[PDB]
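Trainee: This is the content of work.txt (compact mmCIF, N, CA, C and O atoms):
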```txt
# COMPACT_ATOMS: atom_id res chain seq x y z
N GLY A 49 0.83 -1.22 0.00
CA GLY A 49 0.00 0.00 0.00
C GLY A 49 0.85 1.25 0.00
O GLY A 49 1.70 1.43 -0.88
N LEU A 50 0.65 2.10 0.99
CA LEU A 50 1.42 3.33 1.09
C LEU A 50 2.21 3.38 2.40
O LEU A 50 2.22 4.41 3.07
N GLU A 51 2.85 2.28 2.77
CA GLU A 51 3.77 2.32 3.89
C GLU A 51 5.05 3.00 3.44
O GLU A 51 5.73 2.52 2.52
N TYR A 52 5.34 4.13 4.08
CA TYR A 52 6.41 5.04 3.66
C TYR A 52 5.97 5.82 2.43
O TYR A 52 4.94 5.51 1.82
N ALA A 53 6.73 6.84 2.07
CA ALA A 53 6.40 7.66 0.93
C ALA A 53 7.67 8.26 0.34
O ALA A 53 8.65 8.47 1.05
N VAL A 54 7.65 8.52 -0.96
CA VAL A 54 8.83 9.03 -1.65
C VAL A 54 8.56 10.40 -2.26
O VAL A 54 7.88 10.52 -3.28
N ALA A 55 9.07 11.44 -1.60
CA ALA A 55 8.95 12.79 -2.09
C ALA A 55 9.78 12.97 -3.36
O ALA A 55 11.00 12.83 -3.34
N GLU A 56 9.10 13.28 -4.46
CA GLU A 56 9.76 13.45 -5.74
C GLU A 56 10.38 14.84 -5.83
O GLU A 56 11.54 15.00 -6.21
N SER A 57 9.60 15.85 -5.45
CA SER A 57 10.05 17.24 -5.52
C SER A 57 9.14 18.14 -4.69
O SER A 57 8.13 17.69 -4.16
N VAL A 58 9.51 19.41 -4.58
CA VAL A 58 8.68 20.41 -3.93
C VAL A 58 8.29 21.47 -4.95
O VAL A 58 9.17 22.08 -5.57
N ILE A 59 7.00 21.69 -5.14
CA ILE A 59 6.54 22.54 -6.23
C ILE A 59 5.67 23.71 -5.74
O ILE A 59 5.27 24.56 -6.54
N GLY A 60 5.40 23.75 -4.45
CA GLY A 60 4.55 24.80 -3.92
C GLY A 60 5.08 25.39 -2.64
O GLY A 60 5.81 24.72 -1.90
N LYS A 61 4.72 26.64 -2.36
CA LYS A 61 5.21 27.34 -1.18
C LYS A 61 4.16 28.32 -0.66
O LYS A 61 3.61 29.10 -1.43
N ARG A 62 3.87 28.26 0.64
CA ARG A 62 2.97 29.22 1.26
C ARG A 62 3.67 29.91 2.43
O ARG A 62 3.96 29.27 3.44
N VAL A 63 3.93 31.20 2.29
CA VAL A 63 4.52 31.97 3.37
C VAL A 63 3.43 32.72 4.13
O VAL A 63 2.74 33.56 3.55
N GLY A 64 3.27 32.41 5.41
CA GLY A 64 2.30 33.13 6.21
C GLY A 64 2.93 34.32 6.90
O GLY A 64 3.88 34.18 7.66
N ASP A 65 2.39 35.50 6.63
CA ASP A 65 2.91 36.73 7.20
C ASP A 65 2.36 36.96 8.60
O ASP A 65 3.06 37.44 9.48
N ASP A 66 1.10 36.57 8.80
CA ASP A 66 0.39 36.85 10.05
C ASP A 66 0.71 35.80 11.12
O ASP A 66 -0.05 35.62 12.08
N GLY A 67 1.82 35.10 10.97
CA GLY A 67 2.23 34.13 11.97
C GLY A 67 1.94 32.70 11.56
O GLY A 67 2.01 31.79 12.38
N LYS A 68 1.61 32.51 10.29
CA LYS A 68 1.37 31.18 9.76
C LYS A 68 2.68 30.55 9.31
O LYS A 68 3.49 31.20 8.64
N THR A 69 2.89 29.30 9.70
CA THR A 69 4.07 28.56 9.30
C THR A 69 4.17 28.45 7.79
O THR A 69 3.16 28.25 7.10
N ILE A 70 5.38 28.61 7.27
CA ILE A 70 5.62 28.49 5.84
C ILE A 70 5.56 27.03 5.42
O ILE A 70 6.38 26.21 5.85
N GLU A 71 4.59 26.71 4.59
CA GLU A 71 4.37 25.34 4.15
C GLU A 71 4.89 25.13 2.75
O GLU A 71 4.93 26.05 1.93
N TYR A 72 5.29 23.91 2.48
CA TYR A 72 5.78 23.51 1.18
C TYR A 72 4.96 22.36 0.63
O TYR A 72 4.75 21.36 1.30
N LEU A 73 4.49 22.52 -0.59
CA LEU A 73 3.75 21.47 -1.25
C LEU A 73 4.74 20.45 -1.78
O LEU A 73 5.43 20.71 -2.77
N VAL A 74 4.82 19.33 -1.11
CA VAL A 74 5.73 18.28 -1.51
C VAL A 74 5.01 17.33 -2.45
O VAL A 74 3.98 16.75 -2.09
N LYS A 75 5.54 17.18 -3.64
CA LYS A 75 4.96 16.29 -4.62
C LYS A 75 5.64 14.94 -4.53
O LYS A 75 6.75 14.75 -5.03
N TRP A 76 4.98 14.03 -3.85
CA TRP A 76 5.48 12.68 -3.67
C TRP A 76 5.14 11.85 -4.89
O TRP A 76 4.45 12.32 -5.79
N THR A 77 5.62 10.62 -4.95
CA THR A 77 5.14 9.68 -5.95
C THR A 77 3.72 9.26 -5.57
O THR A 77 2.98 8.67 -6.35
N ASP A 78 3.39 9.60 -4.34
CA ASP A 78 2.06 9.44 -3.77
C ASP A 78 1.24 10.71 -4.01
O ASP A 78 0.29 11.00 -3.29
N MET A 79 1.65 11.48 -5.02
CA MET A 79 1.18 12.86 -5.25
C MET A 79 -0.34 13.00 -5.36
O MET A 79 -0.85 14.11 -5.31
N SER A 80 -1.05 11.89 -5.50
CA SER A 80 -2.50 11.93 -5.50
C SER A 80 -2.99 12.51 -4.17
O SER A 80 -4.03 13.17 -4.11
N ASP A 81 -2.21 12.29 -3.12
CA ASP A 81 -2.49 12.85 -1.81
C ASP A 81 -1.39 13.81 -1.39
O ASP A 81 -1.00 13.84 -0.22
N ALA A 82 -0.86 14.58 -2.35
CA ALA A 82 0.19 15.56 -2.08
C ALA A 82 -0.20 16.47 -0.92
O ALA A 82 -1.34 16.95 -0.86
N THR A 83 0.73 16.69 -0.01
CA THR A 83 0.43 17.42 1.21
C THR A 83 1.41 18.56 1.43
O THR A 83 2.58 18.49 1.04
N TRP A 84 0.90 19.63 2.02
CA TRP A 84 1.71 20.76 2.41
C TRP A 84 2.40 20.48 3.73
O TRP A 84 1.76 20.48 4.79
N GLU A 85 3.69 20.24 3.67
CA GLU A 85 4.47 19.96 4.86
C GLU A 85 5.26 21.20 5.26
O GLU A 85 5.65 21.99 4.41
N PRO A 86 5.48 21.38 6.56
CA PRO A 86 6.27 22.50 7.07
C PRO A 86 7.77 22.29 6.84
O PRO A 86 8.25 21.16 6.94
N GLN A 87 8.49 23.37 6.50
CA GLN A 87 9.91 23.30 6.14
C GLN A 87 10.71 22.34 7.01
O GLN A 87 11.48 21.53 6.49
N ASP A 88 10.49 22.42 8.31
CA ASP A 88 11.21 21.61 9.29
C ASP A 88 11.09 20.11 8.99
O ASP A 88 12.01 19.34 9.27
N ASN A 89 9.97 19.73 8.41
CA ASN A 89 9.70 18.33 8.09
C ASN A 89 10.00 18.04 6.62
O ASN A 89 10.27 16.91 6.23
N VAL A 90 9.95 19.09 5.80
CA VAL A 90 10.20 18.96 4.38
C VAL A 90 11.67 18.67 4.11
O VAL A 90 12.56 19.27 4.73
N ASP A 91 11.92 17.73 3.21
CA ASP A 91 13.28 17.38 2.80
C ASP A 91 13.99 18.62 2.25
O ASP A 91 13.60 19.16 1.22
N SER A 92 15.03 19.04 2.95
CA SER A 92 15.70 20.30 2.65
C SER A 92 16.49 20.21 1.35
O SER A 92 16.78 21.23 0.72
N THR A 93 16.82 19.00 0.94
CA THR A 93 17.52 18.78 -0.31
C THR A 93 16.60 19.14 -1.48
O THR A 93 17.01 19.80 -2.43
N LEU A 94 15.35 18.71 -1.37
CA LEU A 94 14.33 19.05 -2.35
C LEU A 94 13.97 20.53 -2.26
O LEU A 94 13.78 21.19 -3.28
N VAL A 95 13.90 21.05 -1.04
CA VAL A 95 13.64 22.47 -0.83
C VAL A 95 14.65 23.32 -1.56
O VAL A 95 14.29 24.31 -2.19
N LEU A 96 15.91 22.92 -1.49
CA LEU A 96 16.98 23.61 -2.20
C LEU A 96 16.64 23.74 -3.68
O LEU A 96 16.93 24.76 -4.30
N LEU A 97 15.98 22.73 -4.21
CA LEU A 97 15.63 22.70 -5.62
C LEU A 97 14.56 23.74 -5.91
O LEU A 97 14.54 24.34 -6.98
N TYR A 98 13.68 23.97 -4.94
CA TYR A 98 12.61 24.93 -5.11
C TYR A 98 13.11 26.33 -4.84
O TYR A 98 12.78 27.27 -5.56
N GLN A 99 13.92 26.48 -3.79
CA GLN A 99 14.58 27.76 -3.52
C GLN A 99 15.36 28.23 -4.74
O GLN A 99 15.37 29.42 -5.05
N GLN A 100 16.01 27.30 -5.43
CA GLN A 100 16.77 27.64 -6.63
C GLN A 100 15.85 27.97 -7.81
O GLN A 100 16.29 28.57 -8.79
N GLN A 101 14.58 27.58 -7.72
CA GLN A 101 13.60 27.91 -8.75
C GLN A 101 13.14 29.36 -8.60
O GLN A 101 12.54 29.93 -9.51
N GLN A 102 13.43 29.94 -7.45
CA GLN A 102 13.06 31.31 -7.18
C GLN A 102 14.02 32.27 -7.85
O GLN A 102 15.24 32.11 -7.76
N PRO A 103 13.48 33.27 -8.56
CA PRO A 103 14.27 34.34 -9.15
C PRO A 103 14.88 35.21 -8.07
O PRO A 103 14.26 36.17 -7.59
N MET A 104 16.09 34.86 -7.68
CA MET A 104 16.75 35.48 -6.54
C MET A 104 17.67 36.60 -6.99
O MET A 104 18.51 36.40 -7.87
N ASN A 105 17.50 37.77 -6.38
CA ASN A 105 18.33 38.94 -6.67
C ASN A 105 18.07 39.45 -8.08
O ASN A 105 18.88 39.25 -8.99
N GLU A 106 16.93 40.10 -8.26
CA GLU A 106 16.57 40.68 -9.54
C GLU A 106 17.19 42.07 -9.67
O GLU A 106 16.66 43.02 -9.04
```
If you took the structure in this file and wrote it as C-alpha cells, what would it be?

Mentor:
Amino acid sequence: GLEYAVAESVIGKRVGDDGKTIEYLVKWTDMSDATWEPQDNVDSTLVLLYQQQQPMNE
C-alpha cells in the first residue's frame, strides 16, 4: 500500500505573514495525496531545488 512515501520534488510554497508557518507542497510519488508539509519536516535537499527555482536577486 502506502507504507512510507517518496517525495519526488517540492513545487509549492505558502509563506504566512500573520504568523502562519511556511508550508511547502511536496509532490510525492504518492502525489494523488500531495500534502503541504512545514519546512522543518520537508526534505531540505528538495527544498533547495525549489529555492533555486526562485528568481533570486533581480

Trainee: Find the spatial neighbours of residue 76 of chain A, counting all atoms listed in the file, within a cut-off of 4.5 Å - ignore same-chain residues fewer than 3 positions away - and output them as a PyMOL selection string.

Mentor: chain A and resi 54-56+79

Trainee: Set the distance at 7 Å and use all atoms listed in the file: which residues neighbour residue 84 of chain A once local chain neighbours fewer than 3 positions away are removed? I'd like the list as number ranges by chain.

Mentor: A: 71-74, 81

Trainee: Between atom O of residue 87 of chain A and atom CA of residue 103 of chain A, what is the distance in Å, rounded to a tenth?

Mentor: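 Going from atom O of residue 87 of chain A over to atom CA of residue 103 of chain A covers 20.4 Å.
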
Trainee: Got a sec: who's within 8 Å of residue 91 of chain A, counting only N, CA, C and O atoms, leaving out chain neighbours fewer than 6 positions off, as a PyMOL selection string?

Mentor: chain A and resi 55+57-58+74+85+97-98

Trainee: Suppose you want the space between atom N of residue 64 of chain A and atom N of residue 99 of chain A; what is it in Å?

Mentor: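 Separation between atom N of residue 64 of chain A and atom N of residue 99 of chain A: 15.3 Å.
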
Trainee: Between atom N of residue 86 of chain A and atom C of residue 70 of chain A, what is the spacing in Å?

Mentor: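 Straight-line distance from atom C of residue 70 of chain A to atom N of residue 86 of chain A works out to 5.8 Å.
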
Trainee: Just checking: using all atoms listed in the file, which residue out of A:50, A:104, A:59, A:96 ends up closest to residue 78 of chain A?

Mentor: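 Ranked by minimum distance to residue 78 of chain A, first place goes to A:50.
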
Trainee: Check chain A with DSSP on the backbone and list each residue it calls alpha helix (DSSP H), as a PyMOL selection string.

Mentor: chain A and resi 92-99

Trainee: Could you find all residues in chain A that DSSP calls strand (DSSP E) from the backbone, and write them as a list in words?

Mentor: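 Those residues are residues 55, 56, 57, 58, 59, 60, 61, 62, 71, 72, 73, 74, 75, 76, 83, 84, 85 and 86 of chain A.
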
Trainee: Edge lengths and centre, in Å to one decimal, as JSON: that's what I need for the box along x, y and z that holds all listed atoms of segment 88-92 of chain A plus 8 Å on each side.

Mentor:
```
{"center_x": 13.2, "center_y": 19.7, "center_z": 5.0, "size_x": 23.1, "size_y": 21.5, "size_z": 24.6}
```

Trainee: Choose the residue, out of A:62, A:101, A:53, A:67, that has the smallest atom-to-atom separation from residue 82 of chain A; count only C-alpha atoms.

Mentor: A:53
